[PDB]
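Participant: this one's a deposited entry, sequence included:
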Amino acid sequence: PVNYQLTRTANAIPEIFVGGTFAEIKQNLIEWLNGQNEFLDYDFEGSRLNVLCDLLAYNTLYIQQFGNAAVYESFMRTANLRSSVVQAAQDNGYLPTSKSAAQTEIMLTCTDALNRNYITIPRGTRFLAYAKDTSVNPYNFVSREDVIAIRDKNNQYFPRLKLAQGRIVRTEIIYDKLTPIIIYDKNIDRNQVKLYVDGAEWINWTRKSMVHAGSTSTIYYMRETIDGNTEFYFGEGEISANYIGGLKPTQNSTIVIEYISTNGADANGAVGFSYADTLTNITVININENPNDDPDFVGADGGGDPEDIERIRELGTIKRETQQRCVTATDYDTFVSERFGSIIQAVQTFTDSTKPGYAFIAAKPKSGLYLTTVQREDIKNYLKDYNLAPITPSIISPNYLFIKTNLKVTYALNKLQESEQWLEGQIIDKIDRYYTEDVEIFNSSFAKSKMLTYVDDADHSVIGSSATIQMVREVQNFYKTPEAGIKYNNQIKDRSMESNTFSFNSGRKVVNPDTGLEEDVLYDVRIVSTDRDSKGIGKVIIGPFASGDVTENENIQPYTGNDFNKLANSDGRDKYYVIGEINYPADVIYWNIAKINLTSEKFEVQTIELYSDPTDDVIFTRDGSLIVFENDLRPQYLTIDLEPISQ
Amino acid sequence: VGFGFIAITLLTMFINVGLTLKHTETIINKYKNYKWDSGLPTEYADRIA
Amino acid sequence: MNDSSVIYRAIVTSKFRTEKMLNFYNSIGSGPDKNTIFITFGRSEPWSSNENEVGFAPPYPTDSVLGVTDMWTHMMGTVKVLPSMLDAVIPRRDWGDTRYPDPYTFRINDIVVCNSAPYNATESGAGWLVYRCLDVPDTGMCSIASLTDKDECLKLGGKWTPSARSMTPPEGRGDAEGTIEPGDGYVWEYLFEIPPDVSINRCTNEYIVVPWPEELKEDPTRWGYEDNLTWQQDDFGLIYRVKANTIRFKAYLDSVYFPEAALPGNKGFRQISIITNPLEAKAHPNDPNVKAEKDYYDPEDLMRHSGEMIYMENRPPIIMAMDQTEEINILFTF
């Protein structure tokens, strides 16, 4: 820096601990043993009084680890060995989500023979789901909560509910007050637990679904006691509450714990569900709609497995900055996290200045792309209870920039074993592992060279690799684009930004053979961003047109020339219409088809890709827009060539 | 997380003037002076060379 | 505060010390707004058992009203300080006198006087011409204050004792624009005029007078301008260029104005203050009130503790016998 007083240091283990390399210990002991003290009178020997020095140095280098390790795992940031880490994270009010279970919301169409109104659908209601990898075997599902239905018009019910993965288990115990009640099994999401004490309720403390202002006692506690087996216990209370604390049981009670077995994260597949329902006259009519909400759906979400060590720490210390409340942008990031986490990979919450209130939250699920709903409304509620009262949280989701690879790994036929396929898929996750590690998160770029070094790491036989690249960014509403929106953040390499597909309708009738007629739904269109010019300029065009439908007037006169503005391949009769700006140096796209004044009904479905290729090799990011590649959901752009070599 | 947060600047000089003003030394010297009243001297001293 | 991230630098320069002084004198005048000044005289009480002697000293006064109140108890009479009597001064270094330690020399920026005396007299129809100051020391021979030496180290360091004498330090009125450099080095920059009449009157063995602006701007050629093209640069006035930065006023205490008090034995014990803007007796208390414009008010008629006391001093005996006037010089840097 400038002024030397700013040097300080980061977290630094002082020279007091550190610990021996051996022979340096031999050096310091000899100087302390021979010198300053004795000037040997030793009766052993010339060599023995020497030799015996390191015989007690191995005693030091030993006791300088066995007993010196404690201070390493005593603190947090410097500790290793999970157990100490976790156990020291609860006094920061965290807990590390030992495992997780899949969750969806399905709407059952069923009906009853009794026709009775207000049919119920109790807690368990065992379902089973393949969570498809191919077909064979189910897992399990349980609704776990309540709901209700209503009969309307025709006699049917829509008892839409939500469901967790595992089954349930209930172990009742007599409280001895000397007996640290626990579980022992490798399971039991702490997110969803009940734990009645002989009456009901006992909403505990560490995790609220309500927060039930006041309500005093009846809380309990859940921590760790290392070992993987969760600890339950109760406060210091008396209730002869006395003043403040947990109600405590009284010396003998039936304590009924019920948890969810949570088979594991293997269940992310979801898709087809079956009733498996035996209760009463409910028919279980099926027509089960797994995703009746909104756009594209991955199946279930969550599934957990225990959090890694490098995760906990970062979330362990930051929760001292908060106390069980979110007033700050960095707080929502910690509240959208292992509490509600495993359903969200990254957040970066922010507040827009033009629109007060309304804390905006970008989130990417591990399932990829969009959170759908009711997994969003769920994130909504869990915040607003701990939130800053007037402002309402909202989930916008980030603005996704994917990339189109088209890479070729060029292996050698000699050294393979499983040959193609298995390697075709082995290259997938390695690429996928690159995203998840480096560029999955915000503000981070990626370099295709770094993707290729994980590509070349596939197994052995793959030698060399290479790719073209295109940055794909898909518009939502289309037809317009927002005001000064739709920006790559990178240099666009003009003569790029190529269309997608589109289509047309109308165009009079144009009857065809066979049946009566058609709507002339063929003859598509597509957009091209043309050239650069004196500074930015460059315009853009909507696409190929034959004749007829448009409003020409004086303001259109469709043309860019036979110059660049490359041509779509069809009959198509050219006559490209000018539409919008696209300033190159500061990356901006602008369309507003209303310039040429067509009808939106003449266009097919919106949400069209555009995908210009980048100028520079490395692709940057800003303004809360991720670059993350997820294959399994959208295969549409990934293409790889295995073209081999025979030696 | 819900508020606009704009930054603006203010500057405070704190000019320290008012040091010194120490009045330095004050000096006065008496006079024997001459009015037309005058009257008898007692002897004389100096008065020319 | 301390050790802030941002660190700023502020000179306050010199001129503020002077310009602030000018505003003081710029209203001494006559009227309701012009806050005239009054000096004042002292105590009759023997003040102690050891009173007349060299050792020991009056007790240090106190700014508290408990000390403000005892003056008006122990005070007799107040001479007034006119606007004309107060004057701004400079240490008056002069070349050629043997009495003061260093005859010529006068390192770097210093004020000289000559033509004031037997030794320095030259070209005298003008009396004291000489407030001119030295622009540059002469060539080499400066061994300055530290180790280094050469015409360099004035910049990284202190002041030059040139070690060489000066000769013909008289000078003309000056060169056009920039001023004369008669001898070897010792360039001289001519600073105003100082006619003889004001000299013998308002100068002294120590210091010297500089005119205020509103005089010179009013009248060149008495104090002798129109030689200076740099005048029209920044209006007349120049108390700044001299870097006057100090003000003294004086007062004549004549035992005639205070015939009481001045009797065979008056001991005039300490206490000699200053004050501002007093008021008249008022006759009976209910009335309007007037600013006090008449010289040598008696202690009574002043509305005890009228105005605010701006200064304090204790000089243990003085004398104050009849027919011996008393001249008080007090010097402030404001």
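Facilitator: Everything's here; your move. Residues are numbered from 1 along each chain as shown, chains lettered A, B, ... in the order given.

Participant: look up how far chain A lies from the residue nearest to residue C:150 when sequence neighbours are not counted.
Facilitator: Of all residues beyond its chain neighbours, the one nearest residue C:150 is residue C:140 (7.2 Å), with distances taken as CB to CB, 6 or more residues apart in numbering or on different chains. (C-beta placed from N, C-alpha, C; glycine too.) Counting by CB to the nearest CB, to the nearest Å, the gap between residue C:140 and chain A amounts to 40 Å.

Participant: number of nearby residues for residue C:140?
Facilitator: Here the count is done by other CB atoms under 10 Å in any protein chain shown, and residue C:140 has 14 residues near it.

Participant: check which helix or strand it maps to.
Facilitator: In this assignment (DSSP states H and E), residue C:140 forms part of neither any helix nor any strand.

Participant: was I right about it contacting residue C:152?
Facilitator: No: counting by CB atoms under 8 Å, residue C:140 does not reach residue C:152; the two are 10.8 Å apart.

Participant: now for the residue in the stretch 101-250 of chain C that chain B sits nearest to, how many residues are close by?
Facilitator: As assessed by CB to the nearest CB, chain B sits closest to residue C:246 within the stretch 101-250 of chain C, at 6.9 Å. Residue neighbour count, defined by other CB under 10 Å, stands at 22 for residue C:246.

Participant: again, but for residue A:183
Facilitator: Look at residue A:183: counted by other CB under 10 Å, it has 16 neighbours.

Participant: quick check: the gap between it and chain B.
Facilitator: Going from residue A:183 to chain B by CB to the nearest CB gives 37 Å.

Participant: surely that residue and residue A:229 touch.
Facilitator: Yes: distance between residue A:183 and residue A:229: 5.6 Å, which falls inside the contact criterion (CB under 8 Å).

Participant: would you mind measuring from the closest residue to chain B within chain A to residue B:5?
Facilitator: Using CB to the nearest CB, residue A:391 is the residue of chain A that sits closest to chain B, at 3.4 Å. Look at residue A:391 and residue B:5: by CB to CB, to the nearest Å, they are 13 Å apart.

Participant: now the residue nearest to residue C:150: how far from residue C:165?
Facilitator: 14 Å.

Participant: for burial, what's the neighbour tally of residue 75?
Facilitator: If you meant another chain, say so; for now it's chain A. Residue A:75 - counted by other CB under 10 Å - has 12 other residues nearby.

Participant: you answered for a different chain; I wanted chain C.
Facilitator: The criterion is other CB under 10 Å. On that basis, residue C:75 has 20 neighbouring residues.

Participant: does it touch residue C:45 like I think?
Facilitator: No: here residue C:75 does not reach residue C:45: they are 11.7 Å apart, not a contact under CB under 8 Å.

Participant: so how far is residue A:195 from the residue lying closest to residue C:164 once chain neighbours are set aside?
Facilitator: Once flanking residues are discounted, residue C:164 sits nearest to residue C:141: 5.1 Å by CB to CB, 6+ apart. Using CB to CB, one gets 99 Å for the distance from residue C:141 to residue A:195.

Participant: likewise for residue A:412?
Facilitator: With distances taken as CB to CB, residue A:412 is found 60 Å from residue A:195.

Participant: same thing with residue C:312?
Facilitator: Applying CB to CB to residue C:312 and residue A:195 gives a distance of 84 Å.

Participant: surely residue C:153 and residue C:143 touch.
Facilitator: No: with contact taken as CB under 8 Å, residue C:153 and residue C:143 are classed as non-touching, separated by 9.7 Å.

Participant: these two: who's more crowded?
Facilitator: More neighbours sit around residue C:153 than around the other of residue C:153 and residue C:143, counting by other CB under 10 Å; the figures are 18 against 15.

Participant: contacting residues for that one?
Facilitator: C:144, C:146 (CB atoms under 8 Å, 6 or more residues apart in numbering or on different chains).

Participant: nearest residue to the residue most central in space within chain A in space, please, no chain neighbours.
Facilitator: Ranked by distance to the mean C-alpha position of chain A (CA atoms, centre = their mean), the top residue is residue A:345 at 2.4 Å. Excluding the flanking residues, the one nearest residue A:345 by CB to CB, 6+ apart is residue A:364, at 4.7 Å.

Participant: and chain B, which of its residues are near chain A?
Facilitator: B:1-6 (CB under 8 Å from any CB of the partner chain).

Participant: of the residues you listed, which is the most crowded?
Facilitator: residue B:1 (23 neighbours).

Participant: that one contacts residue A:352, correct?
Facilitator: No: between residue B:1 and residue A:352 no contact is recorded; they are 10.4 Å apart, counting by CB under 8 Å.
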